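*Asks:* Data: work15.cif, mmCIF, C-alpha atoms.
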```cif
data_final
loop_
_atom_site.label_atom_id
_atom_site.label_comp_id
_atom_site.auth_asym_id
_atom_site.auth_seq_id
_atom_site.Cartn_x
_atom_site.Cartn_y
_atom_site.Cartn_z
CA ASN E 1 166.49 -50.85 -27.14
CA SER E 2 169.86 -50.94 -28.94
CA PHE E 3 169.20 -48.25 -31.55
CA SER E 4 171.90 -45.66 -30.88
CA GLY E 5 172.76 -42.23 -32.29
CA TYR E 6 169.39 -41.34 -33.82
CA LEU E 7 167.94 -37.82 -33.98
CA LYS E 8 164.31 -37.65 -32.88
CA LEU E 9 162.10 -35.96 -35.50
CA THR E 10 158.68 -36.70 -33.90
CA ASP E 11 157.28 -38.84 -31.13
CA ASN E 12 157.76 -41.96 -33.24
CA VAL E 13 160.16 -41.15 -36.13
CA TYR E 14 163.91 -41.20 -35.71
CA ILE E 15 166.68 -40.66 -38.27
CA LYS E 16 170.42 -41.44 -38.53
CA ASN E 17 173.13 -41.10 -41.16
CA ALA E 18 174.04 -44.76 -41.51
CA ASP E 19 174.29 -47.71 -43.88
CA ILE E 20 171.17 -49.80 -43.24
CA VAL E 21 173.11 -53.04 -43.75
CA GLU E 22 175.66 -52.10 -41.08
CA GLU E 23 172.91 -50.93 -38.77
CA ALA E 24 170.94 -54.16 -39.18
CA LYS E 25 174.03 -56.29 -38.53
CA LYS E 26 174.68 -54.40 -35.24
CA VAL E 27 171.11 -54.13 -33.89
CA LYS E 28 169.52 -57.34 -35.30
CA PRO E 29 166.09 -55.67 -35.36
CA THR E 30 162.83 -57.60 -35.36
CA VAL E 31 161.95 -56.03 -38.73
CA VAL E 32 164.15 -54.50 -41.45
CA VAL E 33 162.35 -52.92 -44.41
CA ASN E 34 163.54 -53.56 -47.97
CA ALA E 35 162.86 -51.11 -50.80
CA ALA E 36 161.52 -53.80 -53.13
CA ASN E 37 160.05 -53.93 -56.61
CA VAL E 38 156.99 -55.99 -57.52
CA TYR E 39 159.07 -58.92 -58.81
CA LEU E 40 161.32 -59.03 -55.72
CA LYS E 41 164.38 -58.78 -57.99
CA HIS E 42 167.01 -57.39 -55.62
CA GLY E 43 169.47 -55.99 -58.17
CA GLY E 44 170.33 -52.49 -57.04
CA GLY E 45 170.02 -49.81 -54.43
CA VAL E 46 168.98 -50.85 -50.94
CA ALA E 47 167.59 -54.19 -52.15
CA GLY E 48 170.83 -55.13 -53.88
CA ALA E 49 172.82 -54.25 -50.74
CA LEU E 50 170.56 -56.21 -48.39
CA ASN E 51 170.52 -59.24 -50.67
CA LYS E 52 174.31 -59.24 -51.04
CA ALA E 53 174.64 -59.16 -47.22
CA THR E 54 172.56 -62.38 -47.06
CA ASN E 55 174.88 -64.09 -49.61
CA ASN E 56 171.93 -64.22 -52.05
CA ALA E 57 169.64 -66.17 -49.68
CA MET E 58 167.11 -63.30 -49.83
CA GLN E 59 166.91 -63.69 -53.62
CA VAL E 60 166.44 -67.49 -53.49
CA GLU E 61 163.61 -67.11 -50.94
CA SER E 62 162.07 -64.30 -52.98
CA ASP E 63 162.08 -66.29 -56.21
CA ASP E 64 160.15 -69.08 -54.46
CA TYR E 65 157.67 -66.50 -53.15
CA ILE E 66 156.99 -65.06 -56.63
CA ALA E 67 156.69 -68.51 -58.18
CA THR E 68 154.02 -69.41 -55.57
CA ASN E 69 152.15 -66.08 -55.23
CA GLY E 70 152.88 -63.91 -58.23
CA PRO E 71 154.12 -60.33 -58.12
CA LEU E 72 153.27 -57.79 -55.49
CA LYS E 73 151.25 -54.64 -56.17
CA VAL E 74 152.78 -51.20 -56.06
CA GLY E 75 152.04 -49.99 -52.54
CA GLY E 76 151.93 -53.55 -51.23
CA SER E 77 154.25 -55.68 -49.12
CA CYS E 78 155.11 -59.14 -47.95
CA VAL E 79 156.91 -60.44 -44.85
CA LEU E 80 159.77 -62.85 -45.48
CA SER E 81 162.79 -63.97 -43.50
CA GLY E 82 165.38 -61.50 -42.27
CA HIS E 83 168.16 -64.08 -42.71
CA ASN E 84 171.32 -62.86 -40.93
CA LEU E 85 170.10 -59.26 -40.71
CA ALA E 86 166.85 -59.37 -38.73
CA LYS E 87 164.08 -61.73 -37.65
CA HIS E 88 161.88 -60.60 -40.56
CA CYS E 89 162.24 -58.54 -43.72
CA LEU E 90 159.24 -56.45 -44.71
CA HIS E 91 159.52 -56.05 -48.50
CA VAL E 92 157.60 -52.88 -49.40
CA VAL E 93 157.03 -51.62 -52.95
CA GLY E 94 156.95 -47.83 -53.23
CA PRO E 95 156.16 -46.25 -56.59
CA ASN E 96 158.96 -45.80 -59.10
CA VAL E 97 158.58 -42.33 -60.57
CA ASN E 98 160.96 -43.24 -63.41
CA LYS E 99 158.39 -45.80 -64.55
CA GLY E 100 155.45 -43.35 -64.34
CA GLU E 101 153.98 -44.91 -61.23
CA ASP E 102 151.59 -42.81 -59.15
CA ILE E 103 153.33 -40.98 -56.29
CA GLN E 104 150.07 -41.17 -54.30
CA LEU E 105 150.82 -44.88 -53.77
CA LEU E 106 153.70 -43.88 -51.50
CA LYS E 107 151.17 -43.34 -48.71
CA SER E 108 149.80 -46.86 -49.18
CA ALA E 109 153.37 -48.17 -49.09
CA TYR E 110 154.10 -46.54 -45.72
CA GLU E 111 150.82 -47.77 -44.22
CA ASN E 112 152.33 -51.26 -44.27
CA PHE E 113 154.70 -50.09 -41.53
CA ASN E 114 151.76 -49.72 -39.11
CA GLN E 115 151.44 -53.52 -38.80
CA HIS E 116 154.81 -53.66 -36.97
CA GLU E 117 155.69 -52.07 -33.64
CA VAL E 118 159.34 -51.18 -34.47
CA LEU E 119 161.07 -51.02 -37.85
CA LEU E 120 164.47 -50.18 -39.27
CA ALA E 121 163.84 -48.70 -42.70
CA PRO E 122 165.08 -46.68 -45.64
CA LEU E 123 163.22 -43.75 -47.17
CA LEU E 124 160.76 -45.31 -49.59
CA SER E 125 160.82 -44.33 -53.28
CA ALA E 126 164.06 -42.38 -52.84
CA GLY E 127 167.27 -43.07 -54.67
CA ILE E 128 166.83 -45.03 -57.85
CA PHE E 129 163.01 -45.00 -57.51
CA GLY E 130 163.14 -41.30 -58.38
CA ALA E 131 160.96 -39.53 -55.80
CA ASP E 132 161.93 -36.46 -53.86
CA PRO E 133 163.30 -37.64 -50.48
CA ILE E 134 161.92 -34.59 -48.65
CA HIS E 135 158.45 -35.59 -49.83
CA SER E 136 159.03 -39.21 -48.82
CA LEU E 137 160.01 -38.15 -45.30
CA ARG E 138 156.89 -35.95 -45.01
CA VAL E 139 154.64 -38.83 -46.07
CA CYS E 140 156.44 -41.12 -43.61
CA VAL E 141 155.86 -38.75 -40.68
CA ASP E 142 152.22 -38.13 -41.60
CA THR E 143 151.41 -41.81 -42.11
CA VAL E 144 153.43 -44.06 -39.80
CA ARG E 145 152.22 -44.34 -36.19
CA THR E 146 154.60 -47.09 -35.00
CA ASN E 147 158.29 -46.64 -34.14
CA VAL E 148 160.43 -46.14 -37.25
CA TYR E 149 164.22 -45.77 -37.29
CA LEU E 150 165.26 -44.35 -40.69
CA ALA E 151 168.78 -44.94 -42.00
CA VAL E 152 169.98 -42.48 -44.67
CA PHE E 153 173.25 -43.38 -46.29
CA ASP E 154 174.16 -40.12 -48.03
CA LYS E 155 175.46 -37.52 -45.51
CA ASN E 156 174.54 -34.58 -47.74
CA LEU E 157 170.97 -35.86 -48.05
CA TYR E 158 170.80 -36.54 -44.30
CA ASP E 159 171.79 -32.97 -43.54
CA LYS E 160 169.25 -31.58 -46.02
CA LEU E 161 166.40 -33.74 -44.60
CA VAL E 162 167.10 -32.67 -40.99
CA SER E 163 167.71 -28.98 -41.79
CA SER E 164 164.53 -28.61 -43.89
CA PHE E 165 162.15 -30.54 -41.63
CA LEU E 166 158.84 -28.95 -40.58
#
```
I need this file expressed as structure tokens, please.
*Replies:*
Amino acid sequence: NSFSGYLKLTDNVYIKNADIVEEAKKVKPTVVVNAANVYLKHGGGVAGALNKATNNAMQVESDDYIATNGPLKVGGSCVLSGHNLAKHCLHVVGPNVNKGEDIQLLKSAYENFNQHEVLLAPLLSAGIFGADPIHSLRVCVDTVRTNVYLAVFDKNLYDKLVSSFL
């Protein structure tokens, strides 16, 4: 495929220091993963960046989804359009540690990835969701069996994830 410049961590997990928006625009993957919240309000972090790249179409679609179906559950997901970034967007809700949500639900969140053969994704529950990114990467590797291409924006965090990997 057209994923380029990734470091192989395991048989099926790959990582790159890259902006996931820029990577999606270049590769046009079948699935890009959004780091969503249960209301699909794409205000900040990865979600805010992906939605802005779609010129707010992701938010309009999401609002219709919530009006029809109600909120997601922490650990859950839904598949919506990828707009100009991808065929599909898999919106996955990891726990937000700043809200007291149970970190054990991060494993449930990553299990959603197993329904898709290839994904471009961020580290779930990192950044503004408050979890330790080294832990998130460990759960990813121990849970996901399909092909995942992880994009980590912060170069200092990228170097720490690679250098500390077991």
*Asks:* Restricting the calculation to only C-alpha atoms: of E:146, E:77, E:68, E:37, which residue gets closest to residue 108 of chain E?
*Replies:*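 Closest candidate: E:77.
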*Asks:* For the point (163.6, -55.9, -36.2) in the file's frame, write as a PyMOL selection string all residues with an atom no more than 10 Å away, counting only C-alpha atoms.
*Replies:* chain E and resi 24+27-33+82+85-90+116-121
*Asks:* Applied to the shown file, which residues does the PyMOL selection byres ((chain E and resi 162) around 10) return, written as a PyMOL selection string?
*Replies:* chain E and resi 7-9+15-16+134+137+157-161+163-166
*Asks:* Could you state the separation of atom CA of residue 38 of chain E and atom CA of residue 26 of chain E in Å, given to one decimal place?
*Replies:*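 One can read the atom CA of residue 38 of chain E to atom CA of residue 26 of chain E distance as 28.5 Å.
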*Asks:* Spell out the residues picked by the PyMOL selection byres ((chain E and resi 3) around 9) here, as an MDAnalysis selection string.
*Replies:* chainID E and resid 1:2 4:6 23 27 29 149
*Asks:* To test your reading of the syntax: which residues would the PyMOL selection byres ((chain E and resi 71) around 6) return for the file shown? Reply as a list in words.
*Replies:*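 Residues picked by the PyMOL selection byres ((chain E and resi 71) around 6): residues 38, 39, 66, 70 and 72 of chain E.
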*Asks:* Could you take the residues named above and write them with C-alpha atoms, as an mmCIF file, keeping the file's coordinate frame?
*Replies:*
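result-v1.cif was written with the following content:
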```cif
data_model
loop_
_atom_site.group_PDB
_atom_site.id
_atom_site.type_symbol
_atom_site.label_atom_id
_atom_site.label_comp_id
_atom_site.auth_asym_id
_atom_site.auth_seq_id
_atom_site.Cartn_x
_atom_site.Cartn_y
_atom_site.Cartn_z
ATOM 1 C CA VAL E 38 156.990 -55.990 -57.520
ATOM 2 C CA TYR E 39 159.070 -58.920 -58.810
ATOM 3 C CA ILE E 66 156.990 -65.060 -56.630
ATOM 4 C CA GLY E 70 152.880 -63.910 -58.230
ATOM 5 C CA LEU E 72 153.270 -57.790 -55.490
#
```
*Asks:* Just checking: using all atoms listed in the file, which residue out of E:53, E:148, E:67, E:74 ends up closest to residue 101 of chain E?
*Replies:*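 Of the candidates, the smallest distance to residue 101 of chain E is held by E:74.
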*Asks:* Kindly indicate which residue among E:11, E:61, E:154, E:19 lies nearest to residue 127 of chain E, using all atoms listed in the file for the distances.
*Replies:*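 Of E:11, E:61, E:154, E:19, the one nearest residue 127 of chain E, counting all atoms listed in the file, is E:154.
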*Asks:* Between E:46, E:126, E:97, E:78, which one has atoms that come closest to residue 113 of chain E, using all atoms listed in the file?
*Replies:*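 Checking each of E:46, E:126, E:97, E:78 against residue 113 of chain E, counting all atoms listed in the file, the winner is E:78.
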*Asks:* Which value, in Å to one decimal, gives the distance between atom CA of residue 14 of chain E and atom CA of residue 151 of chain E?
*Replies:* 8.8 Å
*Asks:* Set up a box along x, y and z of the file covering all listed atoms of segment 135-146 of chain E, add 4 Å on every one of the six sides, and write the centre and edge lengths in Å to one decimal, as lines of an AutoDock Vina configuration file.
*Replies:*
```
center_x = 155.7
center_y = -41.3
center_z = -42.4
size_x = 16.6
size_y = 19.5
size_z = 22.8
```
*Asks:* So, with only C-alpha atoms as the atoms that count, which of E:13, E:131, E:123, E:18 lies closest to residue 153 of chain E?
*Replies:*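 The closest residue to residue 153 of chain E is E:18.
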*Asks:* Restricted to C-alpha atoms, what does segment 4-135 of chain E look like when written out as a compact mmCIF listing (two decimals), in the first residue's frame?
*Replies:*
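New file selection.txt:
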```txt
# COMPACT_ATOMS: atom_id res chain seq x y z
CA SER E 4 5.33 5.26 3.76
CA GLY E 5 7.96 5.96 6.42
CA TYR E 6 6.52 3.88 9.27
CA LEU E 7 8.59 2.02 11.86
CA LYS E 8 7.42 -1.55 12.42
CA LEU E 9 6.77 -2.27 16.13
CA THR E 10 5.15 -5.74 15.73
CA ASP E 11 3.79 -7.90 12.96
CA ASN E 12 0.74 -5.67 12.64
CA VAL E 13 1.46 -2.34 14.40
CA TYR E 14 3.34 0.47 12.72
CA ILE E 15 4.14 3.98 13.95
CA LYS E 16 5.19 7.32 12.38
CA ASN E 17 5.77 10.88 13.57
CA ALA E 18 3.14 12.61 11.48
CA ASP E 19 0.03 14.77 11.53
CA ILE E 20 -2.88 12.37 10.99
CA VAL E 21 -4.76 14.93 8.88
CA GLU E 22 -1.81 15.31 6.49
CA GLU E 23 -1.32 11.57 6.39
CA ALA E 24 -4.99 10.92 5.61
CA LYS E 25 -4.99 13.54 2.83
CA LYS E 26 -1.97 11.84 1.18
CA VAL E 27 -2.94 8.16 1.60
CA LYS E 28 -6.78 8.37 1.43
CA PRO E 29 -7.08 5.26 3.63
CA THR E 30 -10.16 3.06 3.72
CA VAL E 31 -10.57 3.86 7.44
CA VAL E 32 -9.31 6.77 9.54
CA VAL E 33 -9.98 6.60 13.29
CA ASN E 34 -11.24 9.65 15.18
CA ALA E 35 -10.65 10.11 18.91
CA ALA E 36 -14.29 10.91 19.64
CA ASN E 37 -16.37 11.66 22.70
CA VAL E 38 -19.80 10.15 23.33
CA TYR E 39 -21.65 13.18 21.93
CA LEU E 40 -19.53 13.33 18.74
CA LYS E 41 -18.73 16.98 19.50
CA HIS E 42 -15.50 17.50 17.56
CA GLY E 43 -14.15 20.57 19.37
CA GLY E 44 -10.53 19.86 20.16
CA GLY E 45 -7.56 17.58 19.80
CA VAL E 46 -7.60 15.06 16.98
CA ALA E 47 -11.38 15.35 16.52
CA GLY E 48 -11.24 19.12 16.14
CA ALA E 49 -8.44 18.80 13.56
CA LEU E 50 -10.21 16.13 11.52
CA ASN E 51 -13.49 18.02 11.55
CA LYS E 52 -11.83 21.28 10.48
CA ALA E 53 -10.21 19.43 7.54
CA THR E 54 -13.71 18.38 6.37
CA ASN E 55 -14.93 22.04 6.51
CA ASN E 56 -17.33 21.02 9.32
CA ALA E 57 -19.09 18.31 7.27
CA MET E 58 -18.05 15.72 9.88
CA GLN E 59 -19.85 17.72 12.59
CA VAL E 60 -23.07 18.11 10.54
CA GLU E 61 -23.16 14.35 9.85
CA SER E 62 -22.39 13.60 13.49
CA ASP E 63 -25.16 15.83 14.80
CA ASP E 64 -27.67 13.94 12.63
CA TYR E 65 -26.29 10.64 13.96
CA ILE E 66 -26.74 11.68 17.62
CA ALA E 67 -30.21 13.06 16.97
CA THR E 68 -31.23 9.67 15.46
CA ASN E 69 -29.33 7.24 17.73
CA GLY E 70 -28.35 8.99 20.93
CA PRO E 71 -24.86 9.13 22.40
CA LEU E 72 -22.25 6.44 22.14
CA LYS E 73 -20.94 4.48 25.12
CA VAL E 74 -17.42 4.89 26.40
CA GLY E 75 -15.50 2.09 24.70
CA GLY E 76 -17.92 2.08 21.78
CA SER E 77 -17.75 3.26 18.18
CA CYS E 78 -19.68 4.09 15.07
CA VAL E 79 -18.73 4.13 11.38
CA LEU E 80 -19.55 7.32 9.49
CA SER E 81 -18.29 8.92 6.30
CA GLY E 82 -14.63 9.78 5.83
CA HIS E 83 -15.55 12.83 3.73
CA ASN E 84 -12.42 14.13 1.95
CA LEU E 85 -10.03 12.23 4.22
CA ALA E 86 -10.93 8.54 3.83
CA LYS E 87 -13.73 6.25 2.70
CA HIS E 88 -14.94 5.82 6.30
CA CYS E 89 -14.28 7.38 9.68
CA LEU E 90 -14.39 5.04 12.66
CA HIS E 91 -15.33 7.26 15.63
CA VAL E 92 -14.03 5.49 18.75
CA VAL E 93 -14.60 6.70 22.32
CA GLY E 94 -11.71 5.95 24.66
CA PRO E 95 -12.05 6.80 28.35
CA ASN E 96 -11.30 10.33 29.48
CA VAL E 97 -9.25 10.06 32.65
CA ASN E 98 -9.89 13.73 33.43
CA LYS E 99 -13.57 12.86 33.78
CA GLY E 100 -12.92 9.83 36.03
CA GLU E 101 -13.73 7.29 33.35
CA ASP E 102 -12.40 3.75 33.82
CA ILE E 103 -9.06 3.18 32.07
CA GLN E 104 -10.02 -0.50 31.62
CA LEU E 105 -12.45 0.64 28.90
CA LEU E 106 -9.44 1.50 26.72
CA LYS E 107 -9.17 -2.19 25.83
CA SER E 108 -12.82 -2.25 24.72
CA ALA E 109 -12.14 0.87 22.65
CA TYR E 110 -9.25 -0.76 20.77
CA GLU E 111 -11.24 -3.95 20.13
CA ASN E 112 -13.33 -1.93 17.69
CA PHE E 113 -10.26 -1.78 15.43
CA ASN E 114 -10.46 -5.56 14.87
CA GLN E 115 -13.55 -5.14 12.64
CA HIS E 116 -11.39 -3.40 9.98
CA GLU E 117 -8.48 -4.87 8.05
CA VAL E 118 -6.34 -1.67 7.87
CA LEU E 119 -6.64 1.55 9.87
CA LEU E 120 -4.89 4.87 10.20
CA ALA E 121 -5.27 5.92 13.82
CA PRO E 122 -4.15 8.08 16.71
CA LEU E 123 -3.24 6.77 20.15
CA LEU E 124 -6.55 6.46 21.97
CA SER E 125 -7.10 8.31 25.27
CA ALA E 126 -3.84 10.25 24.87
CA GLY E 127 -3.55 13.99 24.71
CA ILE E 128 -6.50 15.81 26.17
CA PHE E 129 -8.16 12.55 27.29
CA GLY E 130 -5.45 12.31 29.96
CA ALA E 131 -4.12 8.74 29.78
CA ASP E 132 -0.48 7.77 29.69
CA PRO E 133 0.47 7.29 26.00
CA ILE E 134 2.93 4.49 26.82
CA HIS E 135 0.06 2.56 28.39
```
